[PDB]
Each structure stands twice: as structure tokens, then as C-alpha cells.
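Trainee: Sending over a structure as C-alpha cells; questions will come in a sec.
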Amino acid sequence: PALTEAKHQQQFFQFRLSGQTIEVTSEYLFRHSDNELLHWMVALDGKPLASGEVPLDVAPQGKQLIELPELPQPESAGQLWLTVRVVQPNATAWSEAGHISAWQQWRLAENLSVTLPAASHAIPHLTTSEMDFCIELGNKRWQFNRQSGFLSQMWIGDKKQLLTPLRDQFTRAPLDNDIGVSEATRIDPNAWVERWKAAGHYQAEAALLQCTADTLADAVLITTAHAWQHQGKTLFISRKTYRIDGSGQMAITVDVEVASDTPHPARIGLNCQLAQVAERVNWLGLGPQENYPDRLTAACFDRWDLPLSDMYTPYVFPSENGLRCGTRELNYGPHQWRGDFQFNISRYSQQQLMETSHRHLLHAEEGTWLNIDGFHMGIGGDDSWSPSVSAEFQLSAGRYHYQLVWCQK
Amino acid sequence: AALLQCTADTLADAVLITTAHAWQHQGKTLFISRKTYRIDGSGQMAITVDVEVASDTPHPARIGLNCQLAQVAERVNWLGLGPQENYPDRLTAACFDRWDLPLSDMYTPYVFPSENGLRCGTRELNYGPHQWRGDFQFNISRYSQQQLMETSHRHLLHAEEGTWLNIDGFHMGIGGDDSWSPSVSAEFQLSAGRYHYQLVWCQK
């Protein structure tokens, strides 16, 4: 996937946007834009509202101004984005016709949603037990284990939906960069992995601090608090609220605290093993390829739909992969998630990935593994034998917050 | 501001209030503020704020709350960055400790008046019988921002009725590379789009 970032960063054309004008600059020293078409287009949350085509005429090292026709001013809520692409109409000795040589995108506007969810004719029905809490609403049912404090299962009809409970996750299956040259025999104490390990990140134990349920006028409310500890030290604290309304949506809210003296964690999110397994993956966010915090300029914000298989990156030596950031809506099966996060989805648990040395040895697991991150550390790469992730990409804030919405169709 | 919603609910151990407002202007919605107030049997009020900012509006100077307290005290005591006025892009010299000063010291008599006296990275703030807790920045004086904003010389300010208090979850940098162009660096602009903060208020 990296190749793409490269291609993008190396493009020969550079754009500037000013009002309705696009400024184009040529990084060619000798040629003229003689096989160049500029396609542009506007969309609202993925919905295309206008497209255009304009032939480029730029001298090496020159500028070209591009005047935009009056732009649409949708009422509807959402993000308005502009995207340009450069195309090579005619083939070349090294390229096919219709080749894309450059692109760039901008966010034009935003229409914040001020609407309210219409009333529901009913409200979830809570049900205590010793072991748990039961929330029911129609065919839908959710259960939270009282000992663990997690959402243990959920049904649609008589169908269980998870093979694994929904939980906080703070680590990742180490990247090559996370490892560097650390070896079992000869460990490198500064490697991220090494530190994480030593800190017990990989093996901290969660502890329920609190778990409560409450009935509100329009929904049911659950609250939890856990602590991950290791050898007496508390690494993290996770406080959540789950709120299920009469519309059948579950809103999740997460607030985490990280000990300042622990190594910044690879990530901050949740995960679970879904019982279902589908064909496609559809999302509204950065795509379509794998992208990370410190490697995503080449990605575009749009609506993507791919086959599950494509959501996996077959790095010969396996590790965390396939992430997509800046996601607002994710759809898989009957499920839908909403918010602002990054995620990955495949048939391999991080543990598997982490424990397997060659790609050829992985075997798909039972359902679908899903990781939803509120935040994720950068990947680095300045070199692969020292820590190369820049500070701006480390999860060093100490406190993190994120929210999410889960539903079915 | 426009009330979008306001509700109350009784929980087993506390009372819960929730609100949602929208600030608009000429049909455009600039911000959205969603809160929860939760008062328990211990008499503490926990506040939770989540804001959304239109990506196409100019980054706001700050994100917080304010009010005019009826009381007026002598000292100010806090646990955070001090003791002098400090801002996001101007605070390396400040220290994290417990500070106690006289109200007067919480004001910066810039000849030409403006926002001032802020202290960041605060975890606990005490004034009178009150106490606030969380992670914020604040300022406290006898002058409303409006006054400051409307007065050209320091000598013309007059203390207002009680004590004005501004508690910020976030605050923009002040800049200074030059004073005749925008000099605040990007790292100091409130450009995230979404902000969250929490607070705790009580009395002694």
C-alpha cells in the first residue's frame, strides 16, 4: 500500500485552492502538460453533486488557474468535499490511456446536523439477574456480563452476534518497525515492542471497578469502569456509558486515562469477534487502501466498498495492518457503526498475527475480527532499527475520549 | 444559542440533566454543545461537555464556560501552572504546583485591555466555598470580556458586581511572531472539529 503514498507525494502537479479557483503548478522542468486532463468533482458525504473536466495547459514550472463554475450549496447536513484528478487521456510508452497521475482533495464545507431523532413508541426493557443485565427491544437483545463488565452477547432474533465480547484494546500486533532488531536472544530495550512488553501492556489484567444499569425515560443506561493493571500498577482506566434507546441504537462513550509513566500505547479502541462473515465492506472515510495516521495523505475521503479480502494486507511477515482512518460510517452485514474512528476488519486476531511468522501460516478464524480505534499510533519508518515514530504521532495525551454508535438494519 | 433539548432524569444515585444547544448565525450553525450534568448524593456536580465546530467556520478563540459569581473573595488558590499568566503557546516558564494569590494578581493590566490572566493546566481551583476539578484553564476577575472588549484604556475599567469566571476546556494560542498579521501557529489553533471536557463543581 505504501507505494501509493509515494506516488501521491511524488506527483508532478501541485494544487492550491482559493475560493473557486484552483491553482495548478507544474513540477515538470521540460515538458508541457500535453497529455493532461483535469477531472474535478464535488460530493456530499459521498454523494456526488457535480463533476467537471478540464484540460491542462501548463508550462514546465508554470501555473494554471482554474475557474470553477458556481458550486452547489446543499442544505442537507454533511461534509462537502472537492476532489481533483489528473488524467492521461492517451497512452504512453509506459502508461495506459486514462492513467491517473495526480490527485488532491479539499473539504469545502460542513453542515452540522441539528436534528433530533424522532420519538420511539417504546423503550428498551431492562432485566437484572445475578450474572447480568438484559436489554430487550423487539427481536433485539443485548447482554452485559456483570462479572466482566462487558457487553457479552447480543442477538437479532435468535441469532447470536458475537463470538467474543466487546472490549477495550490497547495494543497491536507489532510492526516490523515496532520490533526493529530486537531478538529473543538479543533484545533491544528501546524497541517499542520491547517497552510495551516490559510494561505489561500485552498482558495486563482488566478489573471491574464498577458497572451499573439505569432506566431513563427514553432509554436504558449502562455504566462501567475498568482498570488495567500489572504488577500493582495501573496502566489504564476505561470509563464507559452505553445508552440504548427506543430506536434500537446503542451509543457508546469512552473515556480513557493513561498513566503518564507508561509507554504510549499503540492504540486506543475496542474489539470483538463478530459471529457473522460477509462479502463486502463499505465505509465512508479514508480510502481505499490501508492508511495510517502518519501515512494517509494519499488516501481519499469518500464512500468505499470492497471485498473483505481487500481489507487485509498480506505482509509476508505478519502484523497489524489494513487500517483505514477518518471513518465516519462503517457497514458490515446488518451492522452499522458511526462516529469518528479508524478500524480494521479481517479473519485474524491480533494474537494470531502476532504469533505467526509467515503469512502462509495464517488460517482464518471463526468469524470476523473487528478493531475499532478511537486512536492509533503512527507507524514510523525513518529507519527500521530504531524508534522512528514522531512525537506528533504518539498517543501521549494522557486522556482520550471517543464515541460511537452501533445499529442493525 | 438555541435549545435543542433539555431533559431531567432520576437515577438510583443521582439526578441527571442533559442539554443540547446550537449557536447559529444567519442560518448557519457554528457550534453545537451537548452536555450532561450529574448531581449525586455527595452534592457534587459533574459536568460533561462535548462540542462540535463547523469545519468551515474560523477556529474559535476558545471553548469553555463562564458565569458571574455573586461572591467576591480575597485569594485564589489552584493546582496547576503558575504563578503567572500563561497561555498555550506561552507557558514553558510556568510551573506546575499549588498556587495561592490575591485576586488582584489574577489580572493583567495591559494598558490596552483584552483577554488576560489565564492559567493553564489546572486540575483544581478554589475560590470561596467553591471548588472546581478537572483539567482546564481559566481566568478570574471583575471584568467581563465584554467590558474588556469595549474599553480602550485600562484606567477606564470598573470592577463589576461579582466575580467573573472563565473556565476553558481549550484555548487558542496568542501568537506574536508579529503584530500585523496572523501569527498563531497551527498547533495552537482550535481546529479539531470536536472537543470534549469534564468538570466537577462543589462547595465546602
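The chains in the C-alpha cells are called A, B, ... from first to last as shown; in each chain the residues are counted from 1, and the ligands are counted from 1 in the order shown.
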At a cut-off of 9 Å, list the chain A residues touching chain B, using only C-alpha atoms, as a PyMOL selection string.

Mentor: chain A and resi 79+107-116+214-217+401-402

Trainee: Could you dump the residues just selected with N, CA, C and O atoms as a PDB file, in the first residue's frame?

Mentor:
```
ATOM      1  N   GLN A  79     -20.489  16.816   5.104  1.00  0.00           N
ATOM      2  CA  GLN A  79     -19.234  17.372   4.664  1.00  0.00           C
ATOM      3  C   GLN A  79     -19.181  17.432   3.164  1.00  0.00           C
ATOM      4  O   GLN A  79     -19.391  16.444   2.453  1.00  0.00           O
ATOM      5  N   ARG A 107     -11.748  19.932   1.695  1.00  0.00           N
ATOM      6  CA  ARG A 107     -13.058  19.923   2.312  1.00  0.00           C
ATOM      7  C   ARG A 107     -13.671  21.279   2.196  1.00  0.00           C
ATOM      8  O   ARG A 107     -13.186  22.241   2.763  1.00  0.00           O
ATOM      9  N   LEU A 108     -14.734  21.372   1.443  1.00  0.00           N
ATOM     10  CA  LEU A 108     -15.319  22.665   1.231  1.00  0.00           C
ATOM     11  C   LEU A 108     -16.120  23.198   2.356  1.00  0.00           C
ATOM     12  O   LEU A 108     -15.952  24.328   2.753  1.00  0.00           O
ATOM     13  N   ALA A 109     -17.045  22.417   2.832  1.00  0.00           N
ATOM     14  CA  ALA A 109     -17.845  22.925   3.910  1.00  0.00           C
ATOM     15  C   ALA A 109     -18.364  21.825   4.764  1.00  0.00           C
ATOM     16  O   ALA A 109     -18.108  20.619   4.539  1.00  0.00           O
ATOM     17  N   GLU A 110     -19.088  22.302   5.760  1.00  0.00           N
ATOM     18  CA  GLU A 110     -19.699  21.419   6.716  1.00  0.00           C
ATOM     19  C   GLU A 110     -21.017  21.950   7.172  1.00  0.00           C
ATOM     20  O   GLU A 110     -21.158  23.126   7.482  1.00  0.00           O
ATOM     21  N   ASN A 111     -21.981  21.075   7.203  1.00  0.00           N
ATOM     22  CA  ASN A 111     -23.285  21.450   7.676  1.00  0.00           C
ATOM     23  C   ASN A 111     -23.553  20.602   8.867  1.00  0.00           C
ATOM     24  O   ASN A 111     -23.827  19.410   8.730  1.00  0.00           O
ATOM     25  N   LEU A 112     -23.387  21.201  10.024  1.00  0.00           N
ATOM     26  CA  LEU A 112     -23.621  20.473  11.257  1.00  0.00           C
ATOM     27  C   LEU A 112     -25.076  20.062  11.362  1.00  0.00           C
ATOM     28  O   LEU A 112     -25.975  20.848  11.019  1.00  0.00           O
ATOM     29  N   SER A 113     -25.301  18.835  11.834  1.00  0.00           N
ATOM     30  CA  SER A 113     -26.669  18.355  11.976  1.00  0.00           C
ATOM     31  C   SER A 113     -27.297  18.738  13.278  1.00  0.00           C
ATOM     32  O   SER A 113     -26.847  18.318  14.343  1.00  0.00           O
ATOM     33  N   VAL A 114     -28.365  19.489  13.157  1.00  0.00           N
ATOM     34  CA  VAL A 114     -29.063  19.948  14.321  1.00  0.00           C
ATOM     35  C   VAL A 114     -30.343  19.198  14.499  1.00  0.00           C
ATOM     36  O   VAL A 114     -31.291  19.681  15.121  1.00  0.00           O
ATOM     37  N   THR A 115     -30.429  18.048  13.900  1.00  0.00           N
ATOM     38  CA  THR A 115     -31.681  17.403  14.076  1.00  0.00           C
ATOM     39  C   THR A 115     -31.736  16.422  15.189  1.00  0.00           C
ATOM     40  O   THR A 115     -30.725  15.957  15.729  1.00  0.00           O
ATOM     41  N   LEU A 116     -32.984  16.171  15.502  1.00  0.00           N
ATOM     42  CA  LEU A 116     -33.343  15.277  16.538  1.00  0.00           C
ATOM     43  C   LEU A 116     -34.058  14.085  16.009  1.00  0.00           C
ATOM     44  O   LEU A 116     -34.881  14.131  15.079  1.00  0.00           O
ATOM     45  N   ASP A 214     -29.406   1.584  34.591  1.00  0.00           N
ATOM     46  CA  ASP A 214     -30.409   2.527  34.992  1.00  0.00           C
ATOM     47  C   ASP A 214     -31.408   2.758  33.902  1.00  0.00           C
ATOM     48  O   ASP A 214     -31.089   2.717  32.716  1.00  0.00           O
ATOM     49  N   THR A 215     -32.635   3.000  34.332  1.00  0.00           N
ATOM     50  CA  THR A 215     -33.695   3.239  33.388  1.00  0.00           C
ATOM     51  C   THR A 215     -34.100   4.665  33.344  1.00  0.00           C
ATOM     52  O   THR A 215     -34.520   5.262  34.337  1.00  0.00           O
ATOM     53  N   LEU A 216     -33.987   5.180  32.153  1.00  0.00           N
ATOM     54  CA  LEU A 216     -34.342   6.528  31.940  1.00  0.00           C
ATOM     55  C   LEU A 216     -35.661   6.564  31.246  1.00  0.00           C
ATOM     56  O   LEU A 216     -36.214   5.544  30.838  1.00  0.00           O
ATOM     57  N   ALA A 217     -36.154   7.753  31.093  1.00  0.00           N
ATOM     58  CA  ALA A 217     -37.416   7.875  30.455  1.00  0.00           C
ATOM     59  C   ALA A 217     -37.417   7.420  29.038  1.00  0.00           C
ATOM     60  O   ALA A 217     -38.459   7.025  28.547  1.00  0.00           O
ATOM     61  N   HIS A 401     -10.890  10.517  24.599  1.00  0.00           N
ATOM     62  CA  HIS A 401     -12.312  10.374  24.553  1.00  0.00           C
ATOM     63  C   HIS A 401     -12.820   9.991  23.182  1.00  0.00           C
ATOM     64  O   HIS A 401     -12.354  10.500  22.170  1.00  0.00           O
ATOM     65  N   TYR A 402     -13.811   9.118  23.136  1.00  0.00           N
ATOM     66  CA  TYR A 402     -14.433   8.767  21.870  1.00  0.00           C
ATOM     67  C   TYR A 402     -15.813   8.186  22.041  1.00  0.00           C
ATOM     68  O   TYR A 402     -16.165   7.653  23.097  1.00  0.00           O
TER      69      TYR A 402
END
```

Trainee: Which residues, written as number ranges by chain, have at least one atom at most 12 Å from residue 304 (chain A), with only C-alpha atoms counted and residues fewer than 3 positions away on the same chain left out?

Mentor: A: 45-47, 280-289, 299-301, 307-308, 310-311, 324, 327-331

Trainee: Go through region 25-132 of chain B residue by residue and, counting only C-alpha atoms, keep those with an atom at most 8 Å from region 165-177 of chain B; for each kept residue give the shortest atom pair and its distance in Å to one decimal, ordered by chain and increasing number, as JSON lines.

Mentor:
```
{"residue": "B:60", "atom": "CA", "partner": "B:172", "partner_atom": "CA", "distance": 7.3}
{"residue": "B:61", "atom": "CA", "partner": "B:172", "partner_atom": "CA", "distance": 5.0}
{"residue": "B:62", "atom": "CA", "partner": "B:171", "partner_atom": "CA", "distance": 4.2}
{"residue": "B:63", "atom": "CA", "partner": "B:170", "partner_atom": "CA", "distance": 5.1}
{"residue": "B:64", "atom": "CA", "partner": "B:168", "partner_atom": "CA", "distance": 3.9}
{"residue": "B:65", "atom": "CA", "partner": "B:167", "partner_atom": "CA", "distance": 5.3}
{"residue": "B:66", "atom": "CA", "partner": "B:166", "partner_atom": "CA", "distance": 4.6}
{"residue": "B:67", "atom": "CA", "partner": "B:165", "partner_atom": "CA", "distance": 5.6}
{"residue": "B:68", "atom": "CA", "partner": "B:165", "partner_atom": "CA", "distance": 6.1}
{"residue": "B:69", "atom": "CA", "partner": "B:165", "partner_atom": "CA", "distance": 7.2}
{"residue": "B:87", "atom": "CA", "partner": "B:173", "partner_atom": "CA", "distance": 6.5}
{"residue": "B:88", "atom": "CA", "partner": "B:173", "partner_atom": "CA", "distance": 5.3}
{"residue": "B:89", "atom": "CA", "partner": "B:173", "partner_atom": "CA", "distance": 5.1}
{"residue": "B:90", "atom": "CA", "partner": "B:174", "partner_atom": "CA", "distance": 7.8}
```

Trainee: Got a sec to tell me which of region 9-197 of chain B DSSP assigns to strand (DSSP E), as an MDAnalysis selection string?

Mentor: chainID B and resid 9:10 14:25 28:40 45:53 62:69 75:82 95:102 119:127 130:141 163:171 194:197

Trainee: Hey, can you check how far CA of residue 273 (chain A) sits from CA of residue 242 (chain A)?

Mentor: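 According to the coordinates, CA of residue 273 (chain A) and CA of residue 242 (chain A) are separated by 19.0 Å.
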
Trainee: Quick one: everything within 12 Å of residue 193 (chain A), counting only C-alpha atoms, minus sequence neighbours fewer than 4 positions away in the same chain. Send it as a PyMOL selection string.

Mentor: chain A and resi 171-184+187-189+197-202+263-266+319+354+386-387

Trainee: Write the residues of the preceding selection, restricted to N, CA and C atoms, as a compact mmCIF listing (two decimals), in the first residue's frame.

Mentor:
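Contents of out38.txt, freshly written:
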```
# COMPACT_ATOMS: atom_id res chain seq x y z
N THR A 171 -3.28 -2.57 22.53
CA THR A 171 -2.08 -2.96 21.85
C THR A 171 -2.29 -3.28 20.37
N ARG A 172 -1.16 -3.59 19.73
CA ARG A 172 -1.20 -4.02 18.36
C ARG A 172 -0.19 -5.12 18.09
N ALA A 173 -0.45 -5.89 17.02
CA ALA A 173 0.46 -6.91 16.58
C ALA A 173 1.57 -6.12 15.92
N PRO A 174 2.68 -6.06 16.64
CA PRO A 174 3.86 -5.31 16.29
C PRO A 174 4.23 -5.26 14.84
N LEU A 175 4.56 -4.06 14.41
CA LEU A 175 5.02 -3.90 13.07
C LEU A 175 6.50 -4.16 13.07
N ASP A 176 7.01 -4.31 11.86
CA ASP A 176 8.43 -4.52 11.75
C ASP A 176 9.13 -3.40 12.46
N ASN A 177 8.65 -2.20 12.19
CA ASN A 177 9.18 -1.01 12.82
C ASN A 177 9.03 -1.07 14.35
N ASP A 178 7.97 -1.70 14.85
CA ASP A 178 7.82 -1.76 16.29
C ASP A 178 8.86 -2.64 16.95
N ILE A 179 9.39 -3.56 16.13
CA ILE A 179 10.34 -4.54 16.59
C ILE A 179 11.79 -4.16 16.38
N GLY A 180 12.07 -3.67 15.19
CA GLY A 180 13.41 -3.27 14.85
C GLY A 180 14.33 -4.46 14.80
N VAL A 181 15.34 -4.42 15.63
CA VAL A 181 16.25 -5.53 15.60
C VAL A 181 16.23 -6.35 16.86
N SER A 182 15.19 -6.16 17.63
CA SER A 182 15.10 -6.93 18.83
C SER A 182 14.94 -8.41 18.50
N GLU A 183 15.73 -9.18 19.22
CA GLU A 183 15.73 -10.61 19.07
C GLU A 183 15.59 -11.25 20.41
N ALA A 184 14.98 -12.42 20.38
CA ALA A 184 14.76 -13.21 21.58
C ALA A 184 16.05 -13.35 22.38
N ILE A 187 17.74 -8.91 22.85
CA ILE A 187 16.68 -7.95 22.98
C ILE A 187 17.15 -6.50 22.91
N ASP A 188 16.32 -5.66 22.27
CA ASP A 188 16.57 -4.23 22.17
C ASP A 188 15.53 -3.46 22.96
N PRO A 189 15.93 -3.18 24.17
CA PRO A 189 15.18 -2.47 25.16
C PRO A 189 14.53 -1.19 24.67
N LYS A 197 6.09 -4.60 26.03
CA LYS A 197 6.16 -5.90 26.65
C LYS A 197 6.53 -5.73 28.09
N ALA A 198 7.64 -5.08 28.27
CA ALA A 198 8.11 -4.89 29.60
C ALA A 198 7.12 -4.20 30.49
N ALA A 199 6.31 -3.35 29.89
CA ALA A 199 5.34 -2.62 30.68
C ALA A 199 4.16 -3.49 31.05
N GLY A 200 4.03 -4.62 30.37
CA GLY A 200 2.93 -5.49 30.67
C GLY A 200 1.72 -5.13 29.86
N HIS A 201 1.90 -4.26 28.89
CA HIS A 201 0.76 -3.89 28.09
C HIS A 201 0.08 -5.09 27.51
N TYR A 202 0.90 -5.99 27.02
CA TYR A 202 0.38 -7.16 26.38
C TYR A 202 -0.26 -8.11 27.33
N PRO A 263 4.57 3.60 28.73
CA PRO A 263 4.87 3.88 27.34
C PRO A 263 3.61 4.11 26.57
N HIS A 264 3.64 5.08 25.68
CA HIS A 264 2.45 5.32 24.91
C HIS A 264 2.06 4.08 24.18
N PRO A 265 0.82 3.79 24.33
CA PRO A 265 0.16 2.64 23.77
C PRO A 265 -0.01 2.78 22.28
N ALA A 266 0.02 1.64 21.63
CA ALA A 266 -0.12 1.52 20.20
C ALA A 266 -1.43 2.06 19.71
N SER A 319 1.67 -8.73 10.80
CA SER A 319 1.48 -7.74 11.87
C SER A 319 0.19 -6.92 11.69
N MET A 354 0.24 -11.84 15.58
CA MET A 354 1.38 -11.64 16.39
C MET A 354 2.17 -12.90 16.60
N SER A 386 15.53 1.49 14.88
CA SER A 386 15.38 2.46 15.95
C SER A 386 13.98 2.99 15.88
N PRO A 387 13.60 3.60 16.98
CA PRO A 387 12.28 4.16 17.08
C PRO A 387 12.19 5.33 16.12
```

Trainee: In Å to one decimal, how far is CA of residue 342 (chain A) from CA of residue 135 (chain A)?

Mentor: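 Between CA of residue 135 (chain A) and CA of residue 342 (chain A) the gap works out to 27.9 Å.
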
Trainee: Hey, can you check how far CA of residue 122 (chain A) sits from CA of residue 154 (chain A)?

Mentor: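 Computed distance, CA of residue 122 (chain A) to CA of residue 154 (chain A), equals 19.3 Å.
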
Trainee: Using only C-alpha atoms, which of the listed residues (A:40, A:292, A:406, A:369) sits closest to residue 271 (chain A)?

Mentor: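 Distance minimum relative to residue 271 (chain A) lands on A:369.
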